[PDB]
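Here's the structure we're looking at; comments come further down.
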Amino acid sequence: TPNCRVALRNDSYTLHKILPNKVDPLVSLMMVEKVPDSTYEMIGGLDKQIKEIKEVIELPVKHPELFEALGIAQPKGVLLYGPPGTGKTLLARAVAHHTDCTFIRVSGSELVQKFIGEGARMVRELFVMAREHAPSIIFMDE
Amino acid sequence: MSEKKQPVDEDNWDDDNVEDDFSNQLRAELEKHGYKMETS
Amino acid sequence: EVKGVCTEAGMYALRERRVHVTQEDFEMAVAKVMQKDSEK
Amino acid sequence: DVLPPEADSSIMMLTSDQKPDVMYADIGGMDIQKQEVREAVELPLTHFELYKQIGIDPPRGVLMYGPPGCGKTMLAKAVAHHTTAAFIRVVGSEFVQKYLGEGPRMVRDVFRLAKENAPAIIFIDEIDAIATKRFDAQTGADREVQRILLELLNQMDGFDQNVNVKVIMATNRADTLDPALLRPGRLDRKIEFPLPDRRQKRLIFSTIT
Amino acid sequence: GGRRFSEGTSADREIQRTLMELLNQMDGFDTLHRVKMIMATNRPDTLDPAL
Amino acid sequence: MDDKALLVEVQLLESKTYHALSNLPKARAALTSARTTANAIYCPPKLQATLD
Amino acid sequence: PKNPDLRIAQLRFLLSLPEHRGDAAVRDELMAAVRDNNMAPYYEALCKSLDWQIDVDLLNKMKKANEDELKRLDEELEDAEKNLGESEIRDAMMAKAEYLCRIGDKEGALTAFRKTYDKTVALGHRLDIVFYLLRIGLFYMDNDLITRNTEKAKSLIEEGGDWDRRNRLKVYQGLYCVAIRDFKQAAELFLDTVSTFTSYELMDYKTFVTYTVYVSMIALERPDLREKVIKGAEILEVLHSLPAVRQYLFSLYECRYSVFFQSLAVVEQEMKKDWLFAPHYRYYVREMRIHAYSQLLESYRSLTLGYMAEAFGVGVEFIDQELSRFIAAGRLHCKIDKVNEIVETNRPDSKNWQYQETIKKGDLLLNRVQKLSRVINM
Amino acid sequence: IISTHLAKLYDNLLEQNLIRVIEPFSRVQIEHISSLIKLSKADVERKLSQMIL
Ligand SMILES: Nc1ncnc2c1ncn2[C@@H]1O[C@H](COP(=O)(O)OP(=O)(O)OP(=O)(O)O)[C@@H](O)[C@H]1O
Ligand SMILES: Nc1ncnc2c1ncn2[C@@H]1O[C@H](COP(=O)(O)OP(=O)(O)O)[C@@H](O)[C@H]1O
Ligand SMILES: [Mg+2]
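If you want it as structure tokens, here you go:
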């Protein structure tokens, strides 16, 4: 496979064996960031907001045809707002955890940078890893 | 296999040792003491 | 600040060497965290 | 062959000519922060079964900061004098070695010595030498430091709540830091060192005079 | 010396590391005795307050 | 009213009088109210030890 | 709904085993039985009960309403899977398969519960399902199934502290360890009596208090009794509401031996009446007697036998046949003299009796691996 | 508050000198321990019985 480690003899550089599987550049990224993984069972009294966010995120994966029953395009963008310390991060983490999507937040940091590219002159280079883990959700702070 | 011819035809053990010493020794101690208050 | 109180309430029972968190440690904590609310 | 562990970054604070003569009474007017770091470091080192028994998740590492000359080095001197555990005291701008690899190995063998040695205490000063914010993958003088932060960022995650290894880190400017270092599970406790007031100030006058 | 920066060029990074190594090497964890430092400038304005 | 600091004095005085007149749980209650009141004053300079 | 559910089985005991006692239990057991949809658990309780000839419409109206709840589950599943939540079929029967757990038997419970266990990715519902399995395994005394979900529970008590799911669990280990005759573990699981709560199964907290004192008075020695249960305010104020039990404990600690028999026949008599004690009341007081004999008799060496009748409890020949049956039972370390009328004691070293249990366990495990060695290799 | 704790303190120190004078021997008469404590005999017999209990 491309991007895989090997064993290699040294005198003629003949290919020897095939070791492990290294590590996906995204797993390293989320390991660096360490979002506080969450669930529905640690939600305090936000149930109508849960009913809102299910309609935008939960439904257009489990039933993409259900919007084609209404002939309307699926939503793509979510804005959450409120004071800090109000469950934004655990909510957005939790919804991706229960719908099984790759929760990827961006911070614009430069420790992240080496797993995106050598320079990654755009932000758009993230989309290779995004469509490589295609059922995924992108998160942002303020 | 197991031919075995016919010449003839916890929950259970601590209670069984209570039955070993105590199979039938006064059963319901409730009034023998009060029958020995006046004799003893 | 709810978690800021409820995490802190064990420090009171710990600093008096308890092993069971009591209800007065919580009101002992609300007067500290809401004092931090009173700070600026 | 397998080896008994080794590190050169520091031995172990050789304990004879190593404890800076500094009493707790030498610090006047720090009743909040002295008792607070007493809660933070050595009280889980001794009374671990209360933190386990009530289960209040004792802190892994602690950060302390503020304006310079507020006793940042001094408190580490006094705690280092009155500790019973082993103590590892490194100078935080020495991981920038000329050769590659000596940096990252110099990172990991310190925590290997804290692992093997004792329920000990790690002290790091001038973290601004390592934990910056911006990076530039065109020098190597920056890529090295990037790897230096990735090593200890892995290694602090490589704990299991059972080892009693505490990390004390003191800096001057909290602004030039990555909050990825300040994520919970790695750092939770933050201690500013506010300028002396007129109340703690007199106490310092009494102690020094 | 320098004051500090909000991290402009890549060159000033390790010079700040050099400076902080000097700062810790002055009065961190040492009986700094019998060793006296004499310094001089034409402007004492571009300096670290920690220095 | 506006005051906070004199409440510490009257609750601590209740902590004197209920144990001095032998009502232990009410004295623990008033002592507890003196604790959770006395947490919120920036300067109990002598009332700290007086409560201690 | 399993939260009031233990009183039902306790009243099945109270109906069945005291044979004279067969009127009010079949009154109130019927009161809870032919309402709240209970259908399965009383056909052989009806065998132990009378004919109750016209139960047929009573069956049909309740399996009819059971059919209504069943068919509205069957109305729930397709709109549940149609627009999907968190697999809302098993989100429905993770609430209503417990209704089917009470109402139906354990099978419609268990395949729906091992079914629904794979849904809730957080333990906050998983461990409650495990609690339900603990309770129904307690009901049918599924002594192997409790050993499974005890450990399977405990595997989920690590992550988090969850002391309302750990101290809550210690109640279950205490009730099973007092179901079996494991008393020194039972009071040890009954250590806290603080985090223990106004529960569903001992709706009187004080009934739990009576249980932990009844097991503790065997399970611990004097040093502990003279610190723990005597100085606990939280244990003291609830037996302060008890006239008999406060007397029953303090008669032993305060060396009041004659009234200790009087209260002892009361506690033993109620324990004889008691469900989930009734397997071992005959083991309880035969230990209480020899323990009380140890407490008084290990003070003196030259105590006569004719002092114990008036000073301890009446009946000289009863003390004769009692004590003997205990020296003869290999405990109660003394050696009674007869024709000069004195009781003499000794002190045994902890070298022969400590040896004795080792030859017991050694011969037992030798029988064990002896047997398995016969089992393998044909 | 002093008068509250003098009884329990009296029990503690009673047992402290009590185990002090029981030390040196193998066996003794209780009249000698009542004399050497300078105390009665029934209270000493009951209290020593509480010790061995
Ligand atoms: N009780 C006290 N509280 C605060 N400062 C004190 C006290 N006693 C002495 N000092 C002075 O404060 C200084 C604290 O030294 P320390 O090196 O800890 O400062 P710092 O906060 O680490 O600042 P920097 O990081 O720039 O060294 C000492 O040089 C000492 O002269
Ligand atoms: N409803 C809630 N239930 C439980 N915890 C909450 C709730 N709201 C906020 N928190 C706490 O707030 C913190 C997360 O804040 P959040 O709002 O997710 O991000 P931000 O504050 O940066 O917007 C967590 O530590 C969490 O425990
Ligand atoms: Mg310093």
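These protein sequences, in sequence, are chains F, B, Y, S, C, A, D and E.
Residue 109 is where the first sequence starts when you use the authors' numbering, and the numbers rise one by one after that.
Under the authors' numbering, residues 1 to 9, 40 to 70 are what the second sequence spells out, in order.
Residue 358 is where the third sequence starts when you use the authors' numbering, and the numbers rise one by one after that.
Residue 141 is where the fourth sequence starts when you use the authors' numbering, and the numbers rise one by one after that.
Residue 239 is where the fifth sequence starts when you use the authors' numbering, and the numbers rise one by one after that.
Residue 160 is where the sixth sequence starts when you use the authors' numbering, and the numbers rise one by one after that.
Residue 12 is where the seventh sequence starts when you use the authors' numbering, and the numbers rise one by one after that.
Residue 318 is where the eighth sequence starts when you use the authors' numbering, and the numbers rise one by one after that.
The beta carbon of each residue, even a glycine, is placed where N, CA and C say it ideally should be.
- Taking all protein chains in view, the Cβ of E:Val345 is surrounded by fewer than 16 other Cβ atoms within 10 Å, so the residue is classified as exposed.
- Summarising the contact set, residues whose Cβ lies nearer than 6 Å to any heavy atom of ligand 2 are, in chain order, F:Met150, F:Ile151, F:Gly152, F:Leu154, F:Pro192, F:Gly193, F:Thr194, F:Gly195, F:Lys196, F:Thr197, F:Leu198, Y:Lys360.
- Put simply, the CB of A:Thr209 is far from chain Y, with every gap to its CB atoms at 8 Å or more.
- Per the C-alpha coordinates, the member of D:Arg176, D:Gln184, D:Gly96 positioned closest to D:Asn154 is D:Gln184.
- When DSSP states are grouped into helix, strand and coil, S:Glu332 belongs to the strand group.
- At a cut-off of 8 Å, the C-beta of A:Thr195 has a neighbouring C-beta in chain Y.
- The alpha carbon of D:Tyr295 has as its nearest neighbour, out of B:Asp44, B:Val8, B:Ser2, B:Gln6, the alpha carbon of B:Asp44.
- Shortest Cα-Cα distance from B:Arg57 to any of D:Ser305, D:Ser335, D:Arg293 involves D:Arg293.
- Per DSSP, the beta bridge partners of S:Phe263 are S:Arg229, S:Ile308.
- Taking all protein chains shown into account, A:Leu171 has 16 or more neighbouring C-beta atoms within 10 Å of its C-beta and is therefore buried.
- Taking 8 Å as the threshold, the shortest C-beta distance from C:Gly239 to chain S does not fall below it.
- S:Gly201 is bridged by DSSP to S:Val307, S:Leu327.
- Using a Cβ-Cβ distance cut-off of 8 Å, the stretch 116-129 of chain D and the stretch 141-154 of chain F are not in contact, since fewer than three pairs of beta carbons, one from each stretch, lie closer than that value.
- Residues of chain B whose Cβ lies closer than 8 Å to the Cβ of D:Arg297 are, in chain order, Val48, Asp51, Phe52.
- By the neighbour-count definition (other C-beta atoms within 10 Å, threshold 16), S:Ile288 is a buried residue.
- Here the stretch 331-347 of chain S makes no contact with the stretch 284-302 of chain S; the two share fewer than three CB pairs at distances below 8 Å.
- Taking the Cα positions, S:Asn294 is about 25 Å away from S:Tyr191.
- Taken through DSSP and simplified to helix, strand or coil, B:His63 comes out as helix.
- Between the stretch 368-377 of chain D and the stretch 346-360 of chain D, the count of Cβ pairs shorter than 8 Å is below three; the stretches do not touch.
- Of the candidates Y:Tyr369, Y:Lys393, Y:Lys360, Y:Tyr369 places its Cα closest to the Cα of S:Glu179.
- According to DSSP, residue pairing for D:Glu355 in a beta bridge involves D:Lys346.
- Between the C-alpha atoms of F:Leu137 and F:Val236 there is a straight-line separation of about 14 Å.
- Just so you know, the alpha carbons of F:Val214 and F:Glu233 end up roughly 12 Å apart.
- Chain-ordered, the chain S residues with CB closer than 7 Å to the CB of Y:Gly367 read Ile194, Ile196.
- For D:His31, there is no enclosing beta strand (DSSP E), as DSSP gives it neither H nor E.
- Counting along the chain, the unbroken alpha helix (DSSP H) around E:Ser320 starts and ends at 319-339.
- The set of residues with a C-beta under 5 Å from any non-hydrogen atom of ligand 3 comprises S:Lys212, S:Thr213, given in chain order.
- In terms of beta-carbon proximity, S:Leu190 lines the interface with chain Y, with at least one pair separated by less than 8 Å.
- Taking the Cα of E:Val361 as reference, the smallest distance to any Cα among E:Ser320, E:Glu332, E:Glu340, E:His322 is reached at E:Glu332.
- For F:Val140, a Cβ of chain S is located within less than 8 Å of the residue's own Cβ.
- Within chain Y, not a single residue places a beta-carbon under 8 Å from that of S:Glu234; the smallest gap is close to 36 Å.
- Among the residues facing chain S, C:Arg251 is included, as its CB has a counterpart in that chain under 8 Å away.
- With contacts defined as CB atoms closer than 8 Å, A:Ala197 and A:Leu210 qualify as a contacting pair.
- If you check the CB distance, C:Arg255 and S:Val236 come in under 8 Å.
- Considering only beta carbons, the part of the stretch 124-156 of chain D lying closer than 9 Å to chain F consists of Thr131, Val132, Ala133, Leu134, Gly135, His136, in chain order.
- When distances are taken from the beta-carbon of C:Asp265 to the heavy atoms of ligand 1, the shortest one is below 7 Å.
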